[PDB]
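Below is one structure; the comments refer to it alone.
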Amino acid sequence: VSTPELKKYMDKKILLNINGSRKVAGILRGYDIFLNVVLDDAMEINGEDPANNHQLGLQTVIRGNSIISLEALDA
Amino acid sequence: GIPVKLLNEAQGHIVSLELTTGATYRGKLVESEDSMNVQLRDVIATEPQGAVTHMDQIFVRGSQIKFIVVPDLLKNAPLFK
Amino acid sequence: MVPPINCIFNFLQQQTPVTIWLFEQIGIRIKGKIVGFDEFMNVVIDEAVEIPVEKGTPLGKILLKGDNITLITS
Amino acid sequence: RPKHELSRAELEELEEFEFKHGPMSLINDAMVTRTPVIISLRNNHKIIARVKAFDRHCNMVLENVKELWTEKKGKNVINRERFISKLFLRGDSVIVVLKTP
Amino acid sequence: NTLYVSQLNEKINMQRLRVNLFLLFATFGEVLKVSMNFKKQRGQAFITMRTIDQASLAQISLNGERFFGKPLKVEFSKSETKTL
Amino acid sequence: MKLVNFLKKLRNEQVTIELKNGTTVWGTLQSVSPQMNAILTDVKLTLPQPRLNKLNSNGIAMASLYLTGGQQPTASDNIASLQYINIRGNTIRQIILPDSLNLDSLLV
Amino acid sequence: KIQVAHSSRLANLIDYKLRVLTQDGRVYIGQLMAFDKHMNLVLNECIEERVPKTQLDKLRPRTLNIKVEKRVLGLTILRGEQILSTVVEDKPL
Amino acid sequence: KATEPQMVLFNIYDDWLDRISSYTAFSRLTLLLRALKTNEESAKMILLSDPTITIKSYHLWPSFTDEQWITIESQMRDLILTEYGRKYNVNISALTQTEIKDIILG
Amino acid sequence: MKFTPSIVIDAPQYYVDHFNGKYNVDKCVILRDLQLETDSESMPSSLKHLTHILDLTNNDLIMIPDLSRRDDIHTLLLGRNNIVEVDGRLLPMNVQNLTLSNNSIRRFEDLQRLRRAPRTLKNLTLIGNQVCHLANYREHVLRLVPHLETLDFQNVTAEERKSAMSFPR
Amino acid sequence: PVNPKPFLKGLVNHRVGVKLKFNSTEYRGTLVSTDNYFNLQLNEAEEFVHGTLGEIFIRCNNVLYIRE
RNA sequence: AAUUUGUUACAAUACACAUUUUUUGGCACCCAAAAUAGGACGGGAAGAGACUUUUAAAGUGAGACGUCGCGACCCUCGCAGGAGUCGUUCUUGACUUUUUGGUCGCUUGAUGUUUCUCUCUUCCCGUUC
């Protein structure tokens with residue numbers, strides 16, 4: 001019905017937790033009414049910052065159902 | 001419904017959040033929608049295991065929210081007439 | 001802005017291969033060529049293989065439900 | 001064609017078609033012919049039940065249904081059977097339902 | 001109704017102090033307010049009662065009573081309480 | 001057709017509402033909402049004992065059962081008795097209705 | 001203890017102190033004020049009570065005394081998704 | 001489901017007559033025929049009571065090994081025994097075979 | 001008059017004690033000056049309604065006994081009661097405080113009634129009782145109280161608790 | 001450019017396996033009909049997790065994927 | 001020389017909705033422990049074994065978040081959710097200002113999560129046959 005308001009967030013590098021375990025960081029591109037969030041230059045954060053972190057793809061889309069909290073690391 | 005309208009009445013005030021993942025986000029509420037998904041400003045975070053951090057801005061999905069703590073003085077607010 | 005399902009339509013026509021993560025309970029991730037999709041984000045994948053989490057077996061042209069979708073990643 | 005375009009009677013003809021011609025026709029033909037059905041729930045407990053009634057959400061009324069549930073701890077198994085004369089079953093728990101010969 | 005206490009042990013905790021006060025004042029009458037809202041401590045506590053008579057009695061009896069080392073200075077309040 | 005409209009004619013009957021937790025509720029039934037929210041009156045709600053060398057029962061259902069305030073201290077097994085429980089609709093799994101009532105009259 | 005009206009719905013009861021059960025095994029006790037279509041309700045002065053894991057072991061079948069760790073949170077708004085069942089504790093002031 | 005007059009052939013006996021001798025199976029039929037009136041709803045409660053049981057497609061009766069059927073007909077008699085009994089007000093012990101037959105046949 | 005069920009029913013259970021819990025019951029027309037000469041009978045009429053606090057202050061009660069299983073009850077105010085002995089097995093796990101000021105409890109009678117506990121109460125006031133005057137009464141009360149958080153407003157001194165424990169050993 | 005619904009309309013009365021999300025169980029059988037929600041009906045199905053099953057109804061929420 | 005009837009508006013209840021944001025379920029699983037004909041079970045205290053620490057002598061499985069508490073060589077004055085203003089008449093509305101505890105030890109507060117590995121003797125108090 002109503003679109004979520006991310007309007008200040010887009011183009012800013014953002015960390016968001018996928019499910020209980022996961023945390024993905026990427027530059028937010030677009031979003032929809034289900035909160036499905038597509039972002040680019042995705043990276044999967046882990047305990048060891050440079051080591052266990054591995055990039056996903058040039059463009060990644062996320063189902064809004066697996067989104068828990070969304071924090072922007074940015075202005 | 002009244003429960004969501006009270007959340008809209010709590011904008012700009014310090015509120016507490018319990019996500020169903022077990023964490024606790026206490027801080028100032030900037031935005032809220034009728035889907036109960038809110039965004040909070042200058043918020044202290046408590047992980048499910050107790051580790052506490054601080055983040056400037058946060059957006060949470062309403063489906064993952066469990067309870068929201070609202071400043072008590074909203075109890076007598078006109079919604080409940 | 002690039003709406004997410006627009007991006008998926010750019011996965012359909014650009015014929016780029018995608019890896020897609022499922023829910024954390026199932027323990028497999030699918031990868032293949034996304035052909036077409038519905039409003040519910042349930043997608044048909046041509047030449048798909050299921051990898052447990054590289055010896056996974058090839059699937060086929062397979063319809064995958066959107067309820068179990070977590071990530072769609074190129 | 002989406003459902004919000006149709007009128008009040010077109011939904012009734014649509015539900016009549018879906019029950020008569022469709023997947024749930026397996027249950028409907030099972031209700032009229034008095035054929036016992038096997039139902040697996042999410043719980044993992046299987047009921048052999050005769051269907052008095054069913055519905056869109058798949059919730060259904062069964063009479064004389066028998067419940068079969070096994071449990072194991074450290075690979076020690078026991079099979080338990082429970083008989084209830086009347087059952088109303090909410091449809092979200094079920095997964096597979098088969099029609100016995 | 002209200003009775004403004006003074007000259008008491010500041011070293012004791014707030015909630016505990018309140019509890020103690022409640023315990024003390026239950027003999028005279030029904031204590032409406034457990035502890036003073038300001039909670040500055042160091043004696044300053046307003047024991048709100050239901051009846052004035054009870055309050056009066058309390059004032060009479062517990063004037064310079066030994067509570068946590070020091071003698072409590074009982075006195076009637078200037079302004080009426082918010083609850084009353 | 002909404003089969004929930006059947007349950008609304010079962011009012012004032014002894015029933016067991018067997019929930020998703022495994023918790024079972026015996027009680028007299030009152031008005032059932034269109035979402036299948038079921039409100040009962042005099043209810044004894046308990047958890048079955050899987051025997052199986054005393055395998056551990058539901059850990060969440062025991063806590064939720066003691067936290068109703070209706071569990072009495074001297075109960076040897078795990079039960080609680082209380083008046084007026086209101087149950088959300090999505091929690092219900094099975095409903096065992098009495099043997100006496102006839103379906104042919106109520107299922108119309 | 002307290003006898004609720006034999007036919008009383010969630011609308012009939014207001015300002016009664018309730019006892020709310022969630023899916024996670026914790027309880028919110030307090031005065032109900034509003035509620036909604038999907039049954040997310042507003043409690044006035046609410047205290048969440050929880051059962052200790054050692055306490056949960058004690059609750060297993062054999063006078064029991066459980067130490068129930070609880071914390072006070074005023075004027076909350078619950079979510080209908082989490083709510084499991086509701087019981088009445090007291091009657092209004 | 002028939003909106004038109006027509007002749008239709010079906011077998012009342014089904015499994016039980018096929019299993020057990022013909023004199024006895026009519027008697028088991030008559031024990032049933034009295035009973036379903038006295039079983040207003042418990043019929044489908046008692047006949048389906050064993051859910052393992054299924055009705056054959058050609059046949060009408062629930063096909064079974066016939067031991068519960070002897071239990072079914074006995075329970076059904078007791079329902080007939082009480083319903084005939086309660087209207088006239090007789091004790092269950094006072095009921096005798098000559099009375100039990102008079103209940104069956106009358 | 002005598003503490004009946006009707007009286008209990010009548011009692012004002014509206015104004016909740018906001019310090020802790022809810023439902024601060026005052027039995028009869030008013031528990032403060034009710035004049036219950038006999039022991040607290042008909043406790044079942046309350047039926048553990050609700051740190052549930054009951055004020056029995058300014059009443060004739062001789063014995064702190066006759067309670068029904070009350071899970072909620074955490075606070076007992078018993079001020080101006082002619083208490084002599086308060087031995088019971090009902091209110092054991094329940095209860096966090098006990099105010100016994102201006103009563104008739106004996107130094108030996110109070111000690112005898114409890115019989116000792118591994119853990120009990122948490123707040124206790126025995127002020128204006130004959131026993132408190134008695135020599136080594138504070139030491140005897142600490143030994144009897146077993147575990148205790150307070151003794152007549154002053155906490156049993158940590159060192160005093162240690163010495164009392166040594167006396168017990 | 002096939003989408004899901006025409007893909008199910010093209011898979012009618014063909015042999016299709018369906019993997020459920022739980023035990024990695026797949027029902028292999030001839031599809032009969034589908035609903036709007038993609039409820040499934042199957043004939044001559046076989047359960048793989050080894051058995052043979054005459055007729056099957058599969059609710060929409062429990063299926064993981066559908067293949068031919 | 002207040003009651004009843006009719007009409008209008010508002011509020012509440014029931015006629016709706018299985019497709020990621022609440023009600024047609026991501027569902028379920030760690031595993032194992034009492035039987036007899038003076039005896040068990042719980043709680044508290046003491047001793048010992050095995051654990052830890054120092055170079056024989058010291059207490060009881062170990063390592064990590066918080067939670068409110070026992071001490072204080074510190075700070076600190078001491079009586080006012082409420083307060084002010086304006087409208088209005090003997091206490092009401094509209095508009096503005098914004099919680100004691102601020103901290104440190106704990107010579108083991110006291111106490112819950114989460115990973116790994118493998119108790120006996122003596123006294124005191126309650127319950128049961």
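What strands (runs of 3 or more DSSP E) lie completely within region I:25-101 and have 3 or more residues being surrounded by fewer than 20 Cβ atoms within 10 Å (Cβ to Cβ)?
Counting at least 3 such residues, we get no strands (runs of 3 or more DSSP E) at all.
Name the residue that is farthest from the chain's Cα centre (by Cα), counting only residues in region G:1-47 that are basic (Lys, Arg) and within 11 Å of chain B (Cβ to nearest Cβ).
If we take residues in region G:1-47 being basic (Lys, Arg) and within 11 Å of chain B (Cβ to nearest Cβ), then G:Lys37 is farthest from the chain's Cα centre (by Cα).
I need the strands (runs of 3 or more DSSP E) fully contained in chain D, keeping only those with at least 2 residues that are within 15 Å of RNA strand K (Cβ to nearest atom) and surrounded by 19 or more Cβ atoms within 10 Å (Cβ to Cβ).
Counting at least 2 such residues, we get D:37-41, D:46-53, D:60-72, D:86-89, D:94-99.
Counting just the residues of region C:11-29 that are within 13 Å of the chain's Cα centre (by Cα) and surrounded by fewer than 20 Cβ atoms within 10 Å (Cβ to Cβ), which one comes out nearest to J:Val2 (Cα to Cα)?
Among those that are within 13 Å of the chain's Cα centre (by Cα) and surrounded by fewer than 20 Cβ atoms within 10 Å (Cβ to Cβ), it is C:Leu12.
Consider E:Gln15 against the criteria (1) within 10 Å of chain I (Cβ to nearest Cβ); (2) in contact with a helix residue (DSSP H, G or I) (Cβ under 7 Å, 6 or more places away or on another chain); (3) not charged (D, E, K, R): it satisfies all of them except one. Which criterion is unmet?
Against the list (1) within 10 Å of chain I (Cβ to nearest Cβ); (2) in contact with a helix residue (DSSP H, G or I) (Cβ under 7 Å, 6 or more places away or on another chain); (3) not charged (D, E, K, R), E:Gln15 comes up short only on (2).
If you take the residues in region E:25-58 that are surrounded by fewer than 16 Cβ atoms within 10 Å (Cβ to Cβ) and polar (S, T, N, Q), which one is nearest to the chain's Cα centre (by Cα)?
Checked region E:25-58; the qualifying residue nearest to the chain's Cα centre (by Cα) is E:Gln44.
Considering only region I:125-169, state which residues are more than 14 Å from chain E (Cβ to nearest Cβ), within 14 Å of RNA strand K (Cβ to nearest atom) and of a type in the set (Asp, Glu).
Across region I:125-169, the qualifying residues are I:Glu159, I:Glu160.
For E:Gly29, only one of the following conditions fails: (1) facing chain I (nearest Cβ under 9 Å); (2) part of a helix (DSSP H, G or I); (3) closer than 14 Å to E:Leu3 by Cβ; (4) touching a strand residue (DSSP E or B) at 6+ places or on another chain (Cβ under 6 Å). What is its number?
(2)
If you go through region G:37-49, how many residues are surrounded by 16 or more Cβ atoms within 10 Å (Cβ to Cβ) and either near RNA strand K (Cβ under 10 Å from one of its atoms) or of a type in the set (D, E, K, R) (or both)?
Number of matching residues: 6.
Would you mind finding the one in J:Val2, J:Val32 that is of a type in the set (A, V, I, L, M), surrounded by 13 or more Cβ atoms within 10 Å (Cβ to Cβ) and in a loop (DSSP other than H, G, I, E, B)?
Just a single option satisfies the conditions, and that option is J:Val2.
I'd like the full set of residues that are more than 7 Å from every other protein chain (Cβ to nearest Cβ) and either farther than 25 Å from B:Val43 by Cα or within 11 Å of RNA strand K (Cβ to nearest atom) (or both), limited to region A:49-63.
Across region A:49-63, the qualifying residues are A:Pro50, A:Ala51, A:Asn52, A:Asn53, A:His54, A:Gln55.
Test each condition in (1) under 13 Å from the mean Cα position of the chain (by Cα); (2) under 26 Å from I:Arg32 (Cβ atoms); (3) of a type in the set (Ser, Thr, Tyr) for E:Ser6 and report the one that comes out false.
(2)
Got a sec? Which of D:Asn43, D:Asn28 is within 14 Å of chain H (Cβ to nearest Cβ), within 19 Å of J:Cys60 (Cβ to Cβ) and polar (S, T, N, Q)?
Every option except D:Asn28 fails the conditions.
For region B:27-81, how many residues are within 10 Å of RNA strand K (Cβ to nearest atom), loosely packed, with under 15 Cβ neighbours inside 10 Å, more than 14 Å from chain A (Cβ to nearest Cβ) and not in a loop (DSSP other than H, G, I, E, B)?
Summing the residues that are within 10 Å of RNA strand K (Cβ to nearest atom), loosely packed, with under 15 Cβ neighbours inside 10 Å, more than 14 Å from chain A (Cβ to nearest Cβ) and not in a loop (DSSP other than H, G, I, E, B) in region B:27-81 gives 5.
For region G:1-25, give me each residue that is in contact with a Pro (Cβ under 7 Å, 6 or more places away or on another chain) and not charged (D, E, K, R).
Residue satisfying the conditions is G:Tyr16 alone.
Considering every residue within region E:2-11, establish whether at least one is over 20 Å from E:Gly64 (Cβ atoms), within 11 Å of RNA strand K (Cβ to nearest atom) and within 14 Å of chain I (Cβ to nearest Cβ).
no
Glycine gets a Cβ as well: all are built from the backbone with ideal geometry, and neighbour counts include every protein chain shown. The numbers here are math on the coordinates, done by the rules we state, and not lab data.
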